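*Asks:* Handing over coords35.cif, mmCIF, N, CA and C atoms.
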```
data_entry
loop_
_atom_site.label_atom_id
_atom_site.label_comp_id
_atom_site.auth_asym_id
_atom_site.auth_seq_id
_atom_site.Cartn_x
_atom_site.Cartn_y
_atom_site.Cartn_z
N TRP N 1 -117.76 -70.53 72.45
CA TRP N 1 -117.64 -72.00 72.39
C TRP N 1 -118.17 -72.58 73.66
N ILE N 2 -119.50 -72.43 73.84
CA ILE N 2 -120.17 -72.64 75.10
C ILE N 2 -121.55 -73.16 74.92
N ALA N 3 -122.40 -72.38 74.23
CA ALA N 3 -123.78 -72.70 74.06
C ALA N 3 -123.92 -73.36 72.73
N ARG N 4 -122.79 -73.52 72.02
CA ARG N 4 -122.77 -74.27 70.80
C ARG N 4 -122.67 -75.72 71.15
N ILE N 5 -122.14 -76.02 72.35
CA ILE N 5 -121.96 -77.31 72.89
C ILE N 5 -123.29 -77.73 73.39
N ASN N 6 -124.03 -76.77 74.00
CA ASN N 6 -125.36 -77.00 74.48
C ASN N 6 -126.24 -77.30 73.33
N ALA N 7 -126.03 -76.52 72.25
CA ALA N 7 -126.83 -76.61 71.06
C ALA N 7 -126.59 -77.89 70.35
N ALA N 8 -125.39 -78.49 70.52
CA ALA N 8 -125.11 -79.70 69.81
C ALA N 8 -125.68 -80.89 70.51
N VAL N 9 -125.65 -80.89 71.86
CA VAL N 9 -125.90 -82.08 72.62
C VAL N 9 -127.36 -82.20 72.96
N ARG N 10 -128.16 -81.15 72.67
CA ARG N 10 -129.54 -81.10 73.07
C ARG N 10 -130.38 -81.91 72.14
N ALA N 11 -129.76 -82.45 71.07
CA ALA N 11 -130.40 -83.34 70.16
C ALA N 11 -130.65 -84.64 70.86
N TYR N 12 -129.72 -85.03 71.76
CA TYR N 12 -129.75 -86.34 72.34
C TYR N 12 -130.63 -86.33 73.54
N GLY N 13 -130.42 -85.36 74.44
CA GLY N 13 -131.12 -85.35 75.69
C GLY N 13 -130.20 -84.82 76.74
N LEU N 14 -128.90 -84.72 76.40
CA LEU N 14 -127.93 -84.11 77.27
C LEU N 14 -128.17 -82.66 77.17
N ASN N 15 -127.84 -81.96 78.27
CA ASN N 15 -128.07 -80.55 78.35
C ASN N 15 -126.76 -79.89 78.60
N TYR N 16 -125.67 -80.62 78.28
CA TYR N 16 -124.29 -80.19 78.35
C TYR N 16 -123.80 -80.41 79.75
N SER N 17 -124.69 -80.46 80.76
CA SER N 17 -124.27 -80.55 82.13
C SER N 17 -123.97 -81.96 82.48
N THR N 18 -124.78 -82.90 81.95
CA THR N 18 -124.63 -84.28 82.28
C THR N 18 -123.61 -84.86 81.34
N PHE N 19 -123.48 -84.21 80.17
CA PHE N 19 -122.47 -84.54 79.21
C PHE N 19 -121.16 -84.25 79.85
N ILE N 20 -121.13 -83.12 80.59
CA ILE N 20 -119.95 -82.57 81.21
C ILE N 20 -119.36 -83.55 82.18
N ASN N 21 -120.22 -84.27 82.92
CA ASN N 21 -119.75 -85.12 83.97
C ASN N 21 -119.21 -86.36 83.38
N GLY N 22 -119.92 -86.79 82.34
CA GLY N 22 -119.62 -87.98 81.60
C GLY N 22 -118.36 -87.84 80.79
N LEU N 23 -117.89 -86.59 80.54
CA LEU N 23 -116.59 -86.39 79.94
C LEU N 23 -115.51 -86.87 80.85
N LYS N 24 -115.69 -86.67 82.17
CA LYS N 24 -114.68 -86.98 83.15
C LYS N 24 -114.71 -88.46 83.37
N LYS N 25 -115.89 -89.08 83.17
CA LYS N 25 -116.07 -90.49 83.30
C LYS N 25 -115.41 -91.17 82.14
N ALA N 26 -115.37 -90.49 80.98
CA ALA N 26 -114.71 -90.98 79.82
C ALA N 26 -113.23 -90.87 80.06
N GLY N 27 -112.81 -89.73 80.66
CA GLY N 27 -111.44 -89.49 81.01
C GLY N 27 -110.86 -88.65 79.92
N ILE N 28 -111.74 -87.86 79.28
CA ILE N 28 -111.43 -87.10 78.11
C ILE N 28 -111.90 -85.74 78.49
N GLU N 29 -110.98 -84.82 78.87
CA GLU N 29 -111.39 -83.54 79.38
C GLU N 29 -111.56 -82.60 78.23
N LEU N 30 -112.80 -82.54 77.70
CA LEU N 30 -113.06 -81.93 76.43
C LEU N 30 -114.17 -80.92 76.57
N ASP N 31 -114.72 -80.47 75.41
CA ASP N 31 -115.79 -79.50 75.23
C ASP N 31 -115.61 -78.32 76.12
N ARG N 32 -114.38 -77.80 76.17
CA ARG N 32 -114.07 -76.87 77.21
C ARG N 32 -114.11 -75.51 76.63
N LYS N 33 -114.22 -75.45 75.28
CA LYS N 33 -114.15 -74.31 74.42
C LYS N 33 -113.28 -74.86 73.34
N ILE N 34 -113.77 -74.76 72.08
CA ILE N 34 -113.04 -74.85 70.85
C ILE N 34 -112.87 -76.31 70.53
N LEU N 35 -113.75 -77.13 71.12
CA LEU N 35 -114.10 -78.41 70.56
C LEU N 35 -115.40 -78.20 69.97
N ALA N 36 -116.11 -77.24 70.57
CA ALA N 36 -117.42 -76.80 70.26
C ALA N 36 -117.51 -76.30 68.88
N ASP N 37 -116.35 -76.03 68.26
CA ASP N 37 -116.29 -75.85 66.87
C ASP N 37 -116.76 -77.09 66.22
N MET N 38 -116.12 -78.21 66.57
CA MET N 38 -116.41 -79.45 65.91
C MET N 38 -117.81 -79.89 66.26
N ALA N 39 -118.34 -79.47 67.42
CA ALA N 39 -119.61 -79.93 67.91
C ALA N 39 -120.71 -79.67 66.94
N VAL N 40 -120.61 -78.55 66.19
CA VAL N 40 -121.64 -78.14 65.30
C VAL N 40 -121.13 -78.36 63.90
N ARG N 41 -119.86 -77.98 63.67
CA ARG N 41 -119.36 -77.67 62.36
C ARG N 41 -118.68 -78.88 61.77
N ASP N 42 -118.25 -79.84 62.61
CA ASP N 42 -117.71 -81.11 62.19
C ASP N 42 -118.49 -82.23 62.84
N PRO N 43 -119.65 -82.62 62.37
CA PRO N 43 -120.51 -83.54 63.08
C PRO N 43 -119.99 -84.95 62.97
N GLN N 44 -118.94 -85.19 62.15
CA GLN N 44 -118.34 -86.48 62.05
C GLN N 44 -117.58 -86.73 63.31
N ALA N 45 -116.71 -85.77 63.69
CA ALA N 45 -115.85 -85.90 64.83
C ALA N 45 -116.65 -85.63 66.07
N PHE N 46 -117.66 -84.74 65.97
CA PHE N 46 -118.62 -84.63 67.04
C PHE N 46 -119.21 -85.95 67.44
N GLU N 47 -119.64 -86.79 66.47
CA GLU N 47 -120.25 -88.06 66.80
C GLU N 47 -119.28 -89.02 67.43
N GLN N 48 -117.96 -88.81 67.26
CA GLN N 48 -116.98 -89.66 67.88
C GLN N 48 -116.89 -89.36 69.34
N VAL N 49 -116.89 -88.06 69.70
CA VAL N 49 -116.74 -87.66 71.08
C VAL N 49 -117.95 -88.11 71.84
N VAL N 50 -119.11 -87.96 71.19
CA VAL N 50 -120.39 -88.32 71.72
C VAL N 50 -120.43 -89.80 71.95
N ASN N 51 -119.84 -90.60 71.04
CA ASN N 51 -119.85 -92.04 71.13
C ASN N 51 -119.09 -92.49 72.35
N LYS N 52 -117.96 -91.82 72.65
CA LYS N 52 -117.12 -92.19 73.76
C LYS N 52 -117.78 -91.85 75.07
N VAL N 53 -118.55 -90.75 75.11
CA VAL N 53 -119.23 -90.30 76.30
C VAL N 53 -120.56 -90.97 76.40
N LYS N 54 -120.99 -91.67 75.34
CA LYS N 54 -122.24 -92.35 75.37
C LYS N 54 -122.05 -93.64 76.09
N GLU N 55 -120.89 -94.29 75.91
CA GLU N 55 -120.70 -95.55 76.58
C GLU N 55 -120.31 -95.30 77.98
N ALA N 56 -119.43 -94.31 78.12
CA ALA N 56 -118.83 -93.94 79.36
C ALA N 56 -119.84 -93.41 80.32
N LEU N 57 -120.84 -92.66 79.81
CA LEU N 57 -121.85 -92.12 80.67
C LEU N 57 -123.04 -92.99 80.55
N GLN N 58 -123.70 -92.87 79.39
CA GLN N 58 -125.13 -92.97 79.38
C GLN N 58 -125.55 -94.40 79.47
N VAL N 59 -124.78 -95.27 78.80
CA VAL N 59 -125.17 -96.62 78.55
C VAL N 59 -124.32 -97.48 79.43
N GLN N 60 -123.43 -96.82 80.21
CA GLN N 60 -122.60 -97.52 81.16
C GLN N 60 -123.44 -98.39 82.11
#
```
Starting from the file, give its structure as C-alpha cells.
*Replies:*
Amino acid sequence: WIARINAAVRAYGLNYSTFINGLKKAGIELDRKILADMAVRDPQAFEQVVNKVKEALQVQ
C-alpha cells in the first residue's frame, strides 16, 4: 500500500511526494498504507481525498 498510491496520483501530476505534504496541509493524515486500497480500487472515495488535498494543496 505504497506504490499504489503513487500509481493513483500520477494521473494528476502528483508523484505522491507533493501529495504527501498537502495531506498535512489538509490536516488529514492519510495514504499511509491501506487507504491505498481505496486509491485504486474505490475511485469514488479516492476522488474525495484528492478533492480535499486539491484545495488544500494545489489550488490553495
*Asks:* Let me know the centre plus edge lengths, in Å and rounded to one decimal, of a box with edges along x, y and z that contains all listed atoms of stretch 7-18 of chain N and is padded by 5 Å on every side, as AutoDock Vina command-line options.
*Replies:*
```
--center_x -127.4 --center_y -81.4 --center_z 76.1 --size_x 17.5 --size_y 19.8 --size_z 22.7
```
*Asks:* Residues picked by the PyMOL selection byres (((chain N and resi 1-8 and name CA) around 12) and name CA) here, as number ranges by chain?
*Replies:* N: 9-20, 30-43, 46-47, 49-50
*Asks:* Please indicate the distance in Å from atom CA of residue N:44 to atom CA of residue N:60, rounded to one decimal place.
*Replies:*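 Separation between atom CA of residue N:44 and atom CA of residue N:60: 22.5 Å.
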*Asks:* Need to verify the contact set: residue N:57, 8 Å, all atoms listed in the file, exclusion of same-chain residues closer than 4 positions in sequence. Can you return it as a PyMOL selection string?
*Replies:* chain N and resi 18-19+21-23+25-26+51-53
*Asks:* By how many Å are atom N of residue N:45 and atom N of residue N:28 apart?
*Replies:*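 Separating atom N of residue N:45 from atom N of residue N:28 is a distance of 16.5 Å.
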*Asks:* Could you tell me, as a PDB file with N, CA and C atoms, keeping the file's coordinate frame, which residues of chain N DSSP assigns to alpha helix (DSSP H) when given the backbone?
*Replies:*
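Produced file out-v1.pdb, reproduced below:
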```
ATOM      1  N   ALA N   3    -122.400 -72.380  74.230  1.00  0.00           N
ATOM      2  CA  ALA N   3    -123.780 -72.700  74.060  1.00  0.00           C
ATOM      3  C   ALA N   3    -123.920 -73.360  72.730  1.00  0.00           C
ATOM      4  N   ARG N   4    -122.790 -73.520  72.020  1.00  0.00           N
ATOM      5  CA  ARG N   4    -122.770 -74.270  70.800  1.00  0.00           C
ATOM      6  C   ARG N   4    -122.670 -75.720  71.150  1.00  0.00           C
ATOM      7  N   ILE N   5    -122.140 -76.020  72.350  1.00  0.00           N
ATOM      8  CA  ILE N   5    -121.960 -77.310  72.890  1.00  0.00           C
ATOM      9  C   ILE N   5    -123.290 -77.730  73.390  1.00  0.00           C
ATOM     10  N   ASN N   6    -124.030 -76.770  74.000  1.00  0.00           N
ATOM     11  CA  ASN N   6    -125.360 -77.000  74.480  1.00  0.00           C
ATOM     12  C   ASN N   6    -126.240 -77.300  73.330  1.00  0.00           C
ATOM     13  N   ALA N   7    -126.030 -76.520  72.250  1.00  0.00           N
ATOM     14  CA  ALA N   7    -126.830 -76.610  71.060  1.00  0.00           C
ATOM     15  C   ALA N   7    -126.590 -77.890  70.350  1.00  0.00           C
ATOM     16  N   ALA N   8    -125.390 -78.490  70.520  1.00  0.00           N
ATOM     17  CA  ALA N   8    -125.110 -79.700  69.810  1.00  0.00           C
ATOM     18  C   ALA N   8    -125.680 -80.890  70.510  1.00  0.00           C
ATOM     19  N   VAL N   9    -125.650 -80.890  71.860  1.00  0.00           N
ATOM     20  CA  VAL N   9    -125.900 -82.080  72.620  1.00  0.00           C
ATOM     21  C   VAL N   9    -127.360 -82.200  72.960  1.00  0.00           C
ATOM     22  N   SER N  17    -124.690 -80.460  80.760  1.00  0.00           N
ATOM     23  CA  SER N  17    -124.270 -80.550  82.130  1.00  0.00           C
ATOM     24  C   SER N  17    -123.970 -81.960  82.480  1.00  0.00           C
ATOM     25  N   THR N  18    -124.780 -82.900  81.950  1.00  0.00           N
ATOM     26  CA  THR N  18    -124.630 -84.280  82.280  1.00  0.00           C
ATOM     27  C   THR N  18    -123.610 -84.860  81.340  1.00  0.00           C
ATOM     28  N   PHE N  19    -123.480 -84.210  80.170  1.00  0.00           N
ATOM     29  CA  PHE N  19    -122.470 -84.540  79.210  1.00  0.00           C
ATOM     30  C   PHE N  19    -121.160 -84.250  79.850  1.00  0.00           C
ATOM     31  N   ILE N  20    -121.130 -83.120  80.590  1.00  0.00           N
ATOM     32  CA  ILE N  20    -119.950 -82.570  81.210  1.00  0.00           C
ATOM     33  C   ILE N  20    -119.360 -83.550  82.180  1.00  0.00           C
ATOM     34  N   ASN N  21    -120.220 -84.270  82.920  1.00  0.00           N
ATOM     35  CA  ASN N  21    -119.750 -85.120  83.970  1.00  0.00           C
ATOM     36  C   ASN N  21    -119.210 -86.360  83.380  1.00  0.00           C
ATOM     37  N   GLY N  22    -119.920 -86.790  82.340  1.00  0.00           N
ATOM     38  CA  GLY N  22    -119.620 -87.980  81.600  1.00  0.00           C
ATOM     39  C   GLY N  22    -118.360 -87.840  80.790  1.00  0.00           C
ATOM     40  N   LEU N  23    -117.890 -86.590  80.540  1.00  0.00           N
ATOM     41  CA  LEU N  23    -116.590 -86.390  79.940  1.00  0.00           C
ATOM     42  C   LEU N  23    -115.510 -86.870  80.850  1.00  0.00           C
ATOM     43  N   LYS N  24    -115.690 -86.670  82.170  1.00  0.00           N
ATOM     44  CA  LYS N  24    -114.680 -86.980  83.150  1.00  0.00           C
ATOM     45  C   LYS N  24    -114.710 -88.460  83.370  1.00  0.00           C
ATOM     46  N   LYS N  25    -115.890 -89.080  83.170  1.00  0.00           N
ATOM     47  CA  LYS N  25    -116.070 -90.490  83.300  1.00  0.00           C
ATOM     48  C   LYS N  25    -115.410 -91.170  82.140  1.00  0.00           C
ATOM     49  N   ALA N  26    -115.370 -90.490  80.980  1.00  0.00           N
ATOM     50  CA  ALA N  26    -114.710 -90.980  79.820  1.00  0.00           C
ATOM     51  C   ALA N  26    -113.230 -90.870  80.060  1.00  0.00           C
ATOM     52  N   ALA N  36    -116.110 -77.240  70.570  1.00  0.00           N
ATOM     53  CA  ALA N  36    -117.420 -76.800  70.260  1.00  0.00           C
ATOM     54  C   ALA N  36    -117.510 -76.300  68.880  1.00  0.00           C
ATOM     55  N   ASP N  37    -116.350 -76.030  68.260  1.00  0.00           N
ATOM     56  CA  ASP N  37    -116.290 -75.850  66.870  1.00  0.00           C
ATOM     57  C   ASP N  37    -116.760 -77.090  66.220  1.00  0.00           C
ATOM     58  N   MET N  38    -116.120 -78.210  66.570  1.00  0.00           N
ATOM     59  CA  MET N  38    -116.410 -79.450  65.910  1.00  0.00           C
ATOM     60  C   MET N  38    -117.810 -79.890  66.260  1.00  0.00           C
ATOM     61  N   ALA N  39    -118.340 -79.470  67.420  1.00  0.00           N
ATOM     62  CA  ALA N  39    -119.610 -79.930  67.910  1.00  0.00           C
ATOM     63  C   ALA N  39    -120.710 -79.670  66.940  1.00  0.00           C
ATOM     64  N   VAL N  40    -120.610 -78.550  66.190  1.00  0.00           N
ATOM     65  CA  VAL N  40    -121.640 -78.140  65.300  1.00  0.00           C
ATOM     66  C   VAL N  40    -121.130 -78.360  63.900  1.00  0.00           C
ATOM     67  N   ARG N  41    -119.860 -77.980  63.670  1.00  0.00           N
ATOM     68  CA  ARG N  41    -119.360 -77.670  62.360  1.00  0.00           C
ATOM     69  C   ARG N  41    -118.680 -78.880  61.770  1.00  0.00           C
ATOM     70  N   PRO N  43    -119.650 -82.620  62.370  1.00  0.00           N
ATOM     71  CA  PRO N  43    -120.510 -83.540  63.080  1.00  0.00           C
ATOM     72  C   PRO N  43    -119.990 -84.950  62.970  1.00  0.00           C
ATOM     73  N   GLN N  44    -118.940 -85.190  62.150  1.00  0.00           N
ATOM     74  CA  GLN N  44    -118.340 -86.480  62.050  1.00  0.00           C
ATOM     75  C   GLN N  44    -117.580 -86.730  63.310  1.00  0.00           C
ATOM     76  N   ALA N  45    -116.710 -85.770  63.690  1.00  0.00           N
ATOM     77  CA  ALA N  45    -115.850 -85.900  64.830  1.00  0.00           C
ATOM     78  C   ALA N  45    -116.650 -85.630  66.070  1.00  0.00           C
ATOM     79  N   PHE N  46    -117.660 -84.740  65.970  1.00  0.00           N
ATOM     80  CA  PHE N  46    -118.620 -84.630  67.040  1.00  0.00           C
ATOM     81  C   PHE N  46    -119.210 -85.950  67.440  1.00  0.00           C
ATOM     82  N   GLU N  47    -119.640 -86.790  66.470  1.00  0.00           N
ATOM     83  CA  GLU N  47    -120.250 -88.060  66.800  1.00  0.00           C
ATOM     84  C   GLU N  47    -119.280 -89.020  67.430  1.00  0.00           C
ATOM     85  N   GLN N  48    -117.960 -88.810  67.260  1.00  0.00           N
ATOM     86  CA  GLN N  48    -116.980 -89.660  67.880  1.00  0.00           C
ATOM     87  C   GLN N  48    -116.890 -89.360  69.340  1.00  0.00           C
ATOM     88  N   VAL N  49    -116.890 -88.060  69.700  1.00  0.00           N
ATOM     89  CA  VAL N  49    -116.740 -87.660  71.080  1.00  0.00           C
ATOM     90  C   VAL N  49    -117.950 -88.110  71.840  1.00  0.00           C
ATOM     91  N   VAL N  50    -119.110 -87.960  71.190  1.00  0.00           N
ATOM     92  CA  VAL N  50    -120.390 -88.320  71.720  1.00  0.00           C
ATOM     93  C   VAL N  50    -120.430 -89.800  71.950  1.00  0.00           C
ATOM     94  N   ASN N  51    -119.840 -90.600  71.040  1.00  0.00           N
ATOM     95  CA  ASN N  51    -119.850 -92.040  71.130  1.00  0.00           C
ATOM     96  C   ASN N  51    -119.090 -92.490  72.350  1.00  0.00           C
ATOM     97  N   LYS N  52    -117.960 -91.820  72.650  1.00  0.00           N
ATOM     98  CA  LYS N  52    -117.120 -92.190  73.760  1.00  0.00           C
ATOM     99  C   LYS N  52    -117.780 -91.850  75.070  1.00  0.00           C
ATOM    100  N   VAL N  53    -118.550 -90.750  75.110  1.00  0.00           N
ATOM    101  CA  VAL N  53    -119.230 -90.300  76.300  1.00  0.00           C
ATOM    102  C   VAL N  53    -120.560 -90.970  76.400  1.00  0.00           C
TER     103      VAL N  53
END
```
*Asks:* By how many Å are atom N of residue N:54 and atom C of residue N:27 apart?
*Replies:* 11.5 Å
